[PDB]
Amino acid sequence: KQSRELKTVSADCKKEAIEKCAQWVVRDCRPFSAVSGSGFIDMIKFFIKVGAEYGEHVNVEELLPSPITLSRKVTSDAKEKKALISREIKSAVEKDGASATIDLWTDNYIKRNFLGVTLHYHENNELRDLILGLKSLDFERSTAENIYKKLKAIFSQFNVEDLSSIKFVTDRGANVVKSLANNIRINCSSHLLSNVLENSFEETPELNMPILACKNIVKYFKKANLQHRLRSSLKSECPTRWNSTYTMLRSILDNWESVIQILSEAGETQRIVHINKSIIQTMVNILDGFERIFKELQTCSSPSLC
Amino acid sequence: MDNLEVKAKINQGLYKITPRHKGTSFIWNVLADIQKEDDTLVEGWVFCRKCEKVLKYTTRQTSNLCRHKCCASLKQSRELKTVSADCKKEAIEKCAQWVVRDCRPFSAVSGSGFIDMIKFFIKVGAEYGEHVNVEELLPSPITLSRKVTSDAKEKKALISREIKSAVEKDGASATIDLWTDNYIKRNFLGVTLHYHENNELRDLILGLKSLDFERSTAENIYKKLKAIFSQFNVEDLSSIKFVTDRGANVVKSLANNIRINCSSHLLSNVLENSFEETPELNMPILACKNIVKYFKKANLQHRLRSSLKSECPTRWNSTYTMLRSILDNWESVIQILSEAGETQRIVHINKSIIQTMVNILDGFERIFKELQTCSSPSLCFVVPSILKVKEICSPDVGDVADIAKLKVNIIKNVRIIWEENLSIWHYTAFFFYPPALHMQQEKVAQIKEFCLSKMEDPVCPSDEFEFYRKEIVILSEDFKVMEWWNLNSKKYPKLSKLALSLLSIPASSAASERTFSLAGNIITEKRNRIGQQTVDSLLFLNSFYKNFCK
DNA sequence: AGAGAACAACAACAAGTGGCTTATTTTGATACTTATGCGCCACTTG
DNA sequence: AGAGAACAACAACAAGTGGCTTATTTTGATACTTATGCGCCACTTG
DNA sequence: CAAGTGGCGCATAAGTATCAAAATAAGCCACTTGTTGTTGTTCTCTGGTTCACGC
DNA sequence: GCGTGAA
Ligand SMILES: [Zn+2]
């Protein structure tokens, strides 16, 4: 028990420590998992070190800065770290090995347009990934020329002048297509397969009718607050998110007994019984195969091109 | 040289002095400057108050001025032992890693609880050296939840005695409300409590318990509130003053007890009725609504210099700030509409009516702000609100006849909505105003026997009531009624408790709105599995720390 | 061839001052870049 | 396809009083050698 | 006379010893409340809004 | 010109 190593404390210290932690958590309205932060324990290390080395009569308030200082410091560190890393960035991109995915996104509240850039490349027995930056296209309407200028500006402030050897795996955005016509443009496999599935469903209206029935049933569930007695609540109807209807099918067919029991006295049981379960499990298995394909192929931490 | 010249002139007395500069540093608490004979400040040089030597002044830097011998001795108040610049550098560095690695807001470091934690941690580190294992010291969130629940239980047990002590003296003002969350569709029941013990009202929440998922009904509300009061072992449940506006099932449940309407939502409904009866002013508001939607649909908000406000969240008439934002930047928006091809929309609206409506609705906003105050008592200034809204809506020739129609609608709605729904308790509260020269009508006639009957539970009550009737002092700008009868409590030992109870009744029930907003802050899209017990415990602890602690 | 004890004529030495060129620090006003800090001021959000 | 956040359900647990036989140090005491001065006091000498 | 020593024990004492009857901790186990810990489950987040444009 | 879609 504490064989002369990094020392422990008594029970009073633990009690008062958790008292202080509870005080902070309840008073400042922060998430509970804060005390498990990776940087939080490092800050605790620094503070206990400083306190031990400088006694217990120091001005705690003065040692802690203001948020504006934090912003200036993080900006300065951003500039310094970018300058430090640009050398290895140019070294890696010079050797024809540099792969980057490009896609734009619109902000939810202010709707400012942005563009993000990352990099996938192999340093030493591993594929190193770091995001290069994320710059906004002001407020002007999006165009291929602006995207091309912004990307060359980012690569240039990171000391890149080739813009030919690097690789892109992106969408079929015609503006993006004309943006980088001098290099390769590879269609996103996930997006291609999503289009394939959309075409697959849309050519069979007879079997699309069960999908409409199921989505209107989950609408009936969410509209009347009927997920309360259900053992496992249902998910979103149609978010256009890589066949969320697959999860809908799994949930519906795992609570089929409960939903039929509920709808027997609800008067809508005639609608569900129109479709037999066998075809439903068959397409569930097909979507199981497709979901396995998704989870194996869609991976940024291991090779998947093979 | 210039300095010798100005020194000689000021010593001869040709130039005068100015000792204070309104600066945040301590150097100007001793240092001073000079002004010329034509009331012009001296630039580039300063003057000391003890050595009487003219030193240089620099706008870009003042460090050279603090090493002077006269200002050296003053320094500043002794502080706890400080460290060098390096330690601060590594401190801000580690704080930068903390704030970047956990996606946390920057203003987290300035929290009071964080300061308490760092004080504790620096103390324990100084006590037990530099080799203490930190990972065992920091607990896990499950322990945090268990301990906060237990602490909520024990704090409630401790305070229930003083809730009883407050309720026995008939001070039992507390409002209830219902609200729906955003993601679980659960319905939560919220209730606060107000009482006076230590010369200001105590704002705290009794609790917030969820009524499961079963269908809303009067019996569920009554049993829920009965249980909530039962955790404090309270069975009176009759002298509690209720403030709910138009909750139909809620009113039906508590119809046996004392019920009082809510003034804020009443006034909002009065404004709604007033604007409903004038279509000529109804369609310009709709035109402004469509104009705002036109900007918002195609994110045309970038061009404008001051973006428009939210349309109408049913959150106390946001159309005020909506029309303010529209009016105060009219030229730019009408230009944008000019090249937008939708120029026909603006023809229906004129600026003068906009500005007059801005004036009157800003008056209504001021009324809202004055009446809605949780900390200070606010029940007294209610009838003067009706008087002021009456006098502002004076039918004149300056306004258009349509504005006269709107004013007539306001007066009709306030006459047939507000005063007929006003309880005698509001009259009693208005009566205690120290200058009572305006009212000598039947209201005092009724309040006489009302107060005499209520206070049943030499030293004659009627005689001291007329003694209060004679004493009259006009209002001062910094006057408070509560401390006024705190001083007069010796003069009237029994009526003081009655007036304290009356002044403990809030004008409205905005406390429930504040609690619901706080709960919405607690429950976010990213935190949704949180339980009702934890929410209630957190809210109770926050309210207790804000109210009853230091 | 010891040994013990004490003057004597010189005689080779220090403790305690001034004179002094010639450096040898200390006190002090001031010309700048450069990393912190309140405080309105929003201000856009729902 | 990671992203944070958080319960419920069952294992798991150090923190604390009470029996207690087995080492073993404090105090105590009798018991006995070495050696260390204090003062008469002769006990001399010149 | 007086500065020097033995002497007569000589009353004292800082040393040593061993013979008893007590004052303590160590290793284990009792056992009863309260108390902390992984390891599961369950609900959202990003996939997306009109322009390059050829067909 | 208007899908044309692939976002
Ligand atoms: Zn001075």
# chains A, B, ... in the order shown; residues from 1 in each chain; ligands from 1
>>> interface_residues(of="chain A", to="chain D", cutoff="8 Å", atoms="only C-alpha atoms (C1' of nucleotides)", output="ChimeraX atom specification")
/A:31,33,295,298-299
>>> write_last_selection(atoms="C-alpha atoms", output="compact mmCIF listing (two decimals), in the first residue's frame")
# COMPACT_ATOMS: atom_id res chain seq x y z
CA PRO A 31 -21.39 18.43 -18.57
CA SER A 33 -17.86 14.12 -18.19
CA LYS A 295 -18.67 -0.18 -42.44
CA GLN A 298 -15.94 3.69 -45.25
CA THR A 299 -12.83 3.77 -43.06
>>> interface_residues(of="chain A", to="chain B", cutoff="7 Å", atoms="only C-alpha atoms", output="PyMOL selection string")
chain A and resi 6-8+14+18+20-24+26-28+32-33+35+37+39-40+43+47-49+51-52+55-60+63+65+67+70+74
>>> write_last_selection(atoms="N, CA, C and O atoms", output="CSV table (one decimal), in the first residue's frame")
chain,number,residue,atom,x,y,z
A,6,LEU,N,4.4,7.6,-6.2
A,6,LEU,CA,3.6,8.8,-6.3
A,6,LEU,C,2.4,8.7,-5.2
A,6,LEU,O,1.7,7.7,-5.2
A,7,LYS,N,2.4,9.6,-4.3
A,7,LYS,CA,1.6,9.4,-3.0
A,7,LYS,C,0.1,9.5,-3.3
A,7,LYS,O,-0.3,10.2,-4.2
A,8,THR,N,-0.6,8.9,-2.4
A,8,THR,CA,-2.1,9.0,-2.3
A,8,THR,C,-2.5,9.9,-1.2
A,8,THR,O,-1.6,10.6,-0.6
A,14,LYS,N,-10.3,13.0,-0.5
A,14,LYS,CA,-11.2,12.5,-1.5
A,14,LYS,C,-12.6,13.2,-1.4
A,14,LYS,O,-13.2,13.6,-2.3
A,18,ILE,N,-14.2,15.7,-4.1
A,18,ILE,CA,-15.5,15.5,-4.9
A,18,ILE,C,-16.5,16.5,-4.5
A,18,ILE,O,-17.4,16.9,-5.3
A,20,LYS,N,-15.8,19.7,-4.0
A,20,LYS,CA,-15.4,20.9,-4.9
A,20,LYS,C,-15.8,20.6,-6.4
A,20,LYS,O,-16.4,21.5,-7.1
A,21,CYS,N,-15.6,19.4,-6.8
A,21,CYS,CA,-16.0,19.0,-8.2
A,21,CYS,C,-17.5,19.1,-8.4
A,21,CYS,O,-18.0,19.7,-9.4
A,22,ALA,N,-18.3,18.6,-7.4
A,22,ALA,CA,-19.7,18.8,-7.5
A,22,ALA,C,-20.2,20.2,-7.5
A,22,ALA,O,-21.1,20.6,-8.2
A,23,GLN,N,-19.5,21.0,-6.6
A,23,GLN,CA,-19.8,22.5,-6.5
A,23,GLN,C,-19.7,23.1,-7.9
A,23,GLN,O,-20.6,23.8,-8.4
A,24,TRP,N,-18.5,22.9,-8.5
A,24,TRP,CA,-18.3,23.4,-9.9
A,24,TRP,C,-19.3,22.9,-10.9
A,24,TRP,O,-19.9,23.7,-11.6
A,26,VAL,N,-22.3,21.7,-10.6
A,26,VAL,CA,-23.7,22.2,-10.4
A,26,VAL,C,-23.8,23.7,-10.6
A,26,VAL,O,-24.7,24.2,-11.2
A,27,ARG,N,-22.7,24.4,-10.2
A,27,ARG,CA,-22.8,25.9,-10.3
A,27,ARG,C,-22.6,26.5,-11.7
A,27,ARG,O,-23.3,27.4,-12.1
A,28,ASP,N,-21.7,25.9,-12.5
A,28,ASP,CA,-21.4,26.5,-13.8
A,28,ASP,C,-22.2,25.9,-14.9
A,28,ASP,O,-22.1,26.4,-16.0
A,32,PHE,N,-21.1,16.6,-17.1
A,32,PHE,CA,-20.5,15.8,-16.0
A,32,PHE,C,-19.2,15.2,-16.4
A,32,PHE,O,-18.2,15.1,-15.6
A,33,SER,N,-19.1,14.8,-17.7
A,33,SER,CA,-17.9,14.1,-18.2
A,33,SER,C,-16.6,15.0,-18.3
A,33,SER,O,-15.6,14.6,-18.7
A,35,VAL,N,-14.8,16.1,-15.8
A,35,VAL,CA,-13.7,15.7,-14.9
A,35,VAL,C,-12.9,14.5,-15.5
A,35,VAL,O,-11.9,14.1,-14.9
A,37,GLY,N,-11.7,14.7,-18.7
A,37,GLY,CA,-11.0,15.2,-19.8
A,37,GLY,C,-9.5,14.9,-19.8
A,37,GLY,O,-8.9,14.9,-18.8
A,39,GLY,N,-7.1,16.8,-21.2
A,39,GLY,CA,-6.3,17.9,-20.8
A,39,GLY,C,-6.6,18.4,-19.3
A,39,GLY,O,-5.8,19.1,-18.8
A,40,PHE,N,-7.7,18.0,-18.8
A,40,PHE,CA,-8.1,18.4,-17.4
A,40,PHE,C,-7.1,17.8,-16.4
A,40,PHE,O,-6.7,18.5,-15.5
A,43,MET,N,-3.9,19.7,-16.6
A,43,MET,CA,-4.0,21.0,-15.9
A,43,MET,C,-3.9,20.7,-14.4
A,43,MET,O,-3.3,21.5,-13.7
A,47,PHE,N,-1.2,22.4,-11.9
A,47,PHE,CA,-1.6,23.2,-10.7
A,47,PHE,C,-1.0,22.6,-9.4
A,47,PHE,O,-0.6,23.4,-8.6
A,48,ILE,N,-1.1,21.3,-9.3
A,48,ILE,CA,-0.6,20.7,-8.1
A,48,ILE,C,1.0,20.9,-8.0
A,48,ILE,O,1.5,21.2,-6.9
A,49,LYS,N,1.7,20.8,-9.1
A,49,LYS,CA,3.1,21.1,-9.2
A,49,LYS,C,3.4,22.5,-8.7
A,49,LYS,O,4.2,22.7,-7.8
A,51,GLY,N,1.5,24.6,-7.0
A,51,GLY,CA,1.2,24.9,-5.6
A,51,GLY,C,2.2,24.3,-4.7
A,51,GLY,O,2.5,24.9,-3.6
A,52,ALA,N,2.6,23.0,-4.9
A,52,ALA,CA,3.6,22.4,-4.1
A,52,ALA,C,4.9,23.2,-4.1
A,52,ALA,O,5.6,23.3,-3.1
A,55,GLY,N,4.0,27.0,-2.3
A,55,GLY,CA,3.3,27.2,-1.1
A,55,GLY,C,1.8,27.4,-1.3
A,55,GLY,O,1.2,27.2,-2.4
A,56,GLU,N,1.1,27.8,-0.3
A,56,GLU,CA,-0.4,27.9,-0.2
A,56,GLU,C,-0.8,29.3,0.1
A,56,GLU,O,-1.9,29.5,0.7
A,57,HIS,N,-0.1,30.3,-0.3
A,57,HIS,CA,-0.4,31.7,0.0
A,57,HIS,C,-0.2,32.5,-1.3
A,57,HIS,O,0.4,33.6,-1.3
A,58,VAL,N,-0.6,32.0,-2.4
A,58,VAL,CA,-0.4,32.7,-3.7
A,58,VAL,C,-1.7,33.1,-4.3
A,58,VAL,O,-2.8,32.6,-3.9
A,59,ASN,N,-1.7,34.2,-5.1
A,59,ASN,CA,-2.9,34.7,-5.7
A,59,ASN,C,-3.4,33.8,-6.8
A,59,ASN,O,-2.8,33.9,-8.0
A,60,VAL,N,-4.4,33.0,-6.5
A,60,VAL,CA,-4.9,32.1,-7.5
A,60,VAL,C,-5.5,32.8,-8.7
A,60,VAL,O,-5.4,32.4,-9.9
A,63,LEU,N,-3.1,34.2,-11.5
A,63,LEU,CA,-2.4,33.2,-12.4
A,63,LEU,C,-3.3,32.8,-13.6
A,63,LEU,O,-2.7,32.3,-14.6
A,65,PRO,N,-5.5,33.5,-16.8
A,65,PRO,CA,-5.7,34.6,-17.7
A,65,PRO,C,-7.2,34.9,-18.1
A,65,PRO,O,-8.1,34.3,-17.4
A,67,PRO,N,-10.1,35.2,-21.4
A,67,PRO,CA,-10.4,34.5,-22.7
A,67,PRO,C,-9.8,35.1,-23.9
A,67,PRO,O,-9.4,34.4,-24.8
A,70,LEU,N,-6.5,33.9,-24.4
A,70,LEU,CA,-6.5,32.6,-24.9
A,70,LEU,C,-6.7,32.6,-26.4
A,70,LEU,O,-6.0,31.9,-27.2
A,74,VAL,N,-3.9,31.2,-29.0
A,74,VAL,CA,-4.2,30.1,-29.9
A,74,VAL,C,-4.0,30.5,-31.4
A,74,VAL,O,-3.5,29.7,-32.2
>>> interface_residues(of="chain A", to="chain F", cutoff="12 Å", atoms="only C-alpha atoms (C1' of nucleotides)", output="list in words")
residues 103, 104, 105, 106, 170, 171, 172, 173, 174, 175, 176, 177, 187, 188, 191, 192, 194 and 195 of chain A
>>> residues_around(residues="stretch 25-42 of chain C", least_positions_apart="3", cutoff="12 Å", atoms="only C-alpha atoms (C1' of nucleotides)", output="JSON, numbers by chain")
{"A": [62, 63, 64, 65, 66, 67, 68, 69, 70, 72, 73, 76], "B": [23, 24, 25, 53, 54, 55, 56, 57, 58, 60, 61, 62, 63, 64, 65, 67, 68, 69, 85, 86, 88, 89, 92, 306]}
>>> interface_residues(of="chain B", to="chain E", cutoff="8 Å", atoms="only C-alpha atoms (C1' of nucleotides)", output="PyMOL selection string")
chain B and resi 143+525-526+528-529
>>> residues_around(residues="stretch 239-243 of chain A", least_positions_apart="3", cutoff="8 Å", atoms="only C-alpha atoms (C1' of nucleotides)", output="list in words")
residues 194, 236, 246 and 247 of chain A; 47 of chain E
>>> residues_near_ligand(ligand="ligand 1", cutoff="8 Å", atoms="only C-alpha atoms (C1' of nucleotides) and all ligand atoms", output="number ranges by chain")
B: 31, 47-53, 68-71
>>> atom_distance(atom1="atom CA of residue B:448", atom2="atom CA of residue B:485")
19.0 Å
>>> select_by_dssp(residues="stretch 388-524 of chain B", states="alpha helix (DSSP H)", output="MDAnalysis selection string")
chainID B and resid 388:392 401:413 424:431 442:454 461:470 481:488 495:503 510:522
>>> residues_around(residues="residue A:180", least_positions_apart="3", cutoff="9 Å", atoms="only C-alpha atoms (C1' of nucleotides)", output="list in words")
residues 144, 148, 163, 176, 177, 183, 184 and 185 of chain A
>>> write_last_selection(atoms="N, CA and C atoms", output="PDB file, in the first residue's frame")
ATOM      1  N   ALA A 144     -16.679  28.010 -59.567  1.00  0.00           N
ATOM      2  CA  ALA A 144     -15.497  27.163 -59.704  1.00  0.00           C
ATOM      3  C   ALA A 144     -14.212  27.967 -59.542  1.00  0.00           C
ATOM      4  N   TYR A 148     -11.138  27.295 -56.886  1.00  0.00           N
ATOM      5  CA  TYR A 148      -9.791  27.012 -57.372  1.00  0.00           C
ATOM      6  C   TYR A 148      -8.782  28.015 -56.815  1.00  0.00           C
ATOM      7  N   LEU A 163      -0.014  21.579 -57.812  1.00  0.00           N
ATOM      8  CA  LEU A 163      -1.454  21.424 -58.003  1.00  0.00           C
ATOM      9  C   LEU A 163      -1.803  20.400 -59.076  1.00  0.00           C
ATOM     10  N   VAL A 176     -17.283  21.840 -59.163  1.00  0.00           N
ATOM     11  CA  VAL A 176     -16.052  21.222 -58.678  1.00  0.00           C
ATOM     12  C   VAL A 176     -15.335  20.496 -59.810  1.00  0.00           C
ATOM     13  N   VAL A 177     -16.094  19.884 -60.724  1.00  0.00           N
ATOM     14  CA  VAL A 177     -15.485  19.172 -61.847  1.00  0.00           C
ATOM     15  C   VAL A 177     -14.678  20.133 -62.712  1.00  0.00           C
ATOM     16  N   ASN A 183      -6.428  17.948 -63.161  1.00  0.00           N
ATOM     17  CA  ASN A 183      -6.022  16.797 -62.367  1.00  0.00           C
ATOM     18  C   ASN A 183      -7.115  15.733 -62.414  1.00  0.00           C
ATOM     19  N   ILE A 184      -6.917  14.673 -61.641  1.00  0.00           N
ATOM     20  CA  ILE A 184      -7.862  13.564 -61.614  1.00  0.00           C
ATOM     21  C   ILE A 184      -9.026  13.909 -60.696  1.00  0.00           C
ATOM     22  N   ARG A 185     -10.203  13.387 -61.028  1.00  0.00           N
ATOM     23  CA  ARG A 185     -11.387  13.521 -60.192  1.00  0.00           C
ATOM     24  C   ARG A 185     -12.053  12.160 -60.087  1.00  0.00           C
TER      25      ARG A 185
END
>>> select_by_dssp(residues="stretch 10-237 of chain A", states="strand (DSSP E)", output="PyMOL selection string")
chain A and resi 99-100+102-106+113-117+120-122+127-129+133-136+167-170+186-187
>>> write_last_selection(atoms="C-alpha atoms", output="CSV table (one decimal), in the first residue's frame")
chain,number,residue,atom,x,y,z
A,99,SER,CA,-4.4,12.6,-51.3
A,100,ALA,CA,-7.0,15.1,-50.3
A,102,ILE,CA,-12.8,18.2,-51.2
A,103,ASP,CA,-16.3,19.1,-50.2
A,104,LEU,CA,-18.2,22.3,-49.3
A,105,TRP,CA,-20.7,22.9,-46.5
A,106,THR,CA,-23.1,25.7,-45.6
A,113,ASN,CA,-20.1,29.1,-47.2
A,114,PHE,CA,-17.0,27.2,-46.3
A,115,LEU,CA,-14.5,24.7,-47.7
A,116,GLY,CA,-12.4,22.2,-45.8
A,117,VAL,CA,-9.2,20.4,-46.8
A,120,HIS,CA,-4.3,11.2,-46.4
A,121,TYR,CA,-0.7,10.0,-46.7
A,122,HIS,CA,1.6,7.4,-45.2
A,127,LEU,CA,-1.3,6.6,-42.7
A,128,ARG,CA,-1.0,10.1,-41.2
A,129,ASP,CA,-4.1,12.3,-41.6
A,133,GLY,CA,-7.4,24.3,-43.1
A,134,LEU,CA,-10.9,25.6,-43.6
A,135,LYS,CA,-11.5,28.9,-45.3
A,136,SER,CA,-14.8,30.7,-46.1
A,167,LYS,CA,-5.0,13.3,-55.7
A,168,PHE,CA,-8.7,14.1,-55.2
A,169,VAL,CA,-11.7,11.9,-54.3
A,170,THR,CA,-14.8,14.1,-54.3
A,186,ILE,CA,-12.6,10.3,-58.6
A,187,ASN,CA,-16.3,9.8,-57.8
